[PDB]
Amino acid sequence: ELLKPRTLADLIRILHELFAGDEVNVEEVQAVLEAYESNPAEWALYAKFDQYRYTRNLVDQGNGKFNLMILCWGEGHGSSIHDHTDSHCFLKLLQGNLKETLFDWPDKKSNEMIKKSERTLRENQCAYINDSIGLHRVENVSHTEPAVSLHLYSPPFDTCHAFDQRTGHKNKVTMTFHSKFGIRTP
Ligand code: NI
């Protein structure tokens, strides 16, 4: 049975059950992430912000099947247009709101990448993306509220590509953790 996670620790327990095998039931994982009611006291340890850009804060290594992490987005902080390295990517809002802009994969001719659609992801909602769906940018467009999001990627990955919106040209980027298990990792 998929039960409602009572706490963040309970969610992580349930996730380890859902990833016990070699495949991923995307809709079940999204439903369980959405069902956890964000409780700031439970994730404050991981909500380590930087003034200048968003931070990635590892929470759980998923016994190697997945990385679960909390991203902290100051007012105005956003990401590149990026892919997700042939992995499943779930994004649940813990606090605030994020704007997600969807892009198709660029063709070979340098051209402006035009958005295909956009939406506003709200507290407690869980979105899903993978490379077959397309590329996205995620942005905290708020001038007054930090956003905090919980991301699960399976398999784990620590490199991806950023895309130049003006040309579609991509570059490989190595992502780093701001903290791991509540510990700042400079
Ligand atoms: Ni993403």
Side-chain angles (χ1 to χ4, degrees), residues 1-49 54-73 77 79 82-100 102 119-138 140 146-160 173-185:
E1 286 171 345
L2 306 177
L3 302 170
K4 183 176 185 73
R6 301 164 332 239
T7 64
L8 178 60
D10 204 37
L11 175 58
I12 291 168
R13 181 196 48 89
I14 293 160
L15 294 169
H16 278 251
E17 296 177 5
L18 288 174
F19 288 84
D22 286 335
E23 296 287 311
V24 177
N25 189 315
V26 161
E27 296 77 14
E28 293 187 341
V29 170
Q30 189 177 29
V32 297
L33 286 164
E34 193 148 287
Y36 164 59
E37 188 169 277
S38 175
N39 178 354
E42 296 172 356
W43 53 252
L45 177 65
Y46 308 106
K48 299 180 200 297
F49 283 78
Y54 68 95
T55 60
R56 299 170 72 246
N57 300 283
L58 181 63
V59 175
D60 195 85
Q61 288 186 304
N63 267 67
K65 292 289 189 51
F66 73 76
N67 263 343
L68 182 71
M69 62 187 74
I70 282 170
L71 276 55
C72 295
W73 308 80
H77 286 178
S79 76
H82 60 272
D83 59 2
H84 301 81
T85 308
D86 286 308
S87 295
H88 295 287
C89 181
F90 302 82
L91 186 179
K92 183 210 170 65
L93 268 295
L94 293 181
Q95 176 184 295
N97 295 283
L98 291 169
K99 177 176 76 159
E100 181 189 31
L102 299 201
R119 64 182 164 162
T120 293
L121 306 171
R122 313 207 171 270
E123 276 182 15
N124 282 307
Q125 298 184 338
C126 183
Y128 171 76
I129 198 165
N130 63 41
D131 287 349
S132 82
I133 292 171
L135 306 173
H136 71 179
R137 172 171 48 218
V138 173
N140 183 14
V148 179
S149 53
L150 178 63
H151 297 230
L152 187 151
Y153 294 118
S154 178
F157 61 93
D158 44 31
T159 70
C160 68
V173 166
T174 296
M175 290 175 276
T176 62
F177 287 118
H178 186 71
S179 67
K180 301 182 171 191
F181 317 115
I183 304 304
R184 179 80 175 87
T185 49

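Heavy-atom basis, side chains included; hydrogens, waters and symmetry copies ignored. For the single chain, residues carry numbers from 1 onward in sequence order.
A donor and an acceptor atom, one from each side chain of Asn124 and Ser38, are nowhere located under 3.5 Å apart.
Here salt bridge (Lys or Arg N to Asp or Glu O under 4.0 Å) pairs that include residues 128-137, with residues two or more places apart or in two chains, are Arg137-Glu139. Annotation: salt bridge (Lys or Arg N to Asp or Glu O under 4.0 Å) contacts involving residues 7-21, sequence neighbours excluded, comprise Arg6-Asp10, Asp10-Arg13, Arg13-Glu17.
For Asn63, the side-chain hydrogen bond (donor to acceptor under 3.5 Å, both in side chains) partners two or more places apart in sequence, or in a different chain, are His16. With sequence neighbours excluded, no residue forms a side-chain hydrogen bond (donor to acceptor under 3.5 Å, both in side chains) with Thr120. Residues passing the ring pair (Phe, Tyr, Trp, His ring centres under 6.0 Å) test with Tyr153 are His151, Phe157, sequence neighbours excluded. The side-chain contact (heavy atoms from CB on, under 4.5 Å) search around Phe49 returns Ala47, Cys72, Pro146, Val148, not counting sequence neighbours. Partners of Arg56 according to the salt bridge (charged side-chain N to carboxylate O under 4.0 Å, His left out) rule, which considers only residues two or more places apart in sequence or in another chain, do not exist here. Judged as a ring pair (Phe, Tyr, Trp, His ring centres under 6.0 Å), and not counting sequence neighbours, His77 has no contacts. Applying the side-chain hydrogen bond (donor to acceptor under 3.5 Å, both in side chains) rule to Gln95 yields no partners; only residues at least two apart in sequence or on another chain are considered. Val173 pairs by the side-chain contact (heavy atoms from CB on, under 4.5 Å) definition with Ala162, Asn171, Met175, not counting sequence neighbours. The side-chain contact (heavy atoms from CB on, under 4.5 Å) search around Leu102 returns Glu100, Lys116, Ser117, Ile129, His136, not counting sequence neighbours. Remark: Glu42 pairs with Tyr36, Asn39 by the side-chain hydrogen bond (donor to acceptor under 3.5 Å, both in side chains) rule, at least two apart or across chains.
When each of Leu152, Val29, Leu33 is checked for a side-chain contact (heavy atoms from CB on, under 4.5 Å) with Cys126, only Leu33 meets the rule.
Put simply, CD on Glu123 and CG on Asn97 are 7.0 Å apart, with the number rounded to the nearest 0.5 Å.
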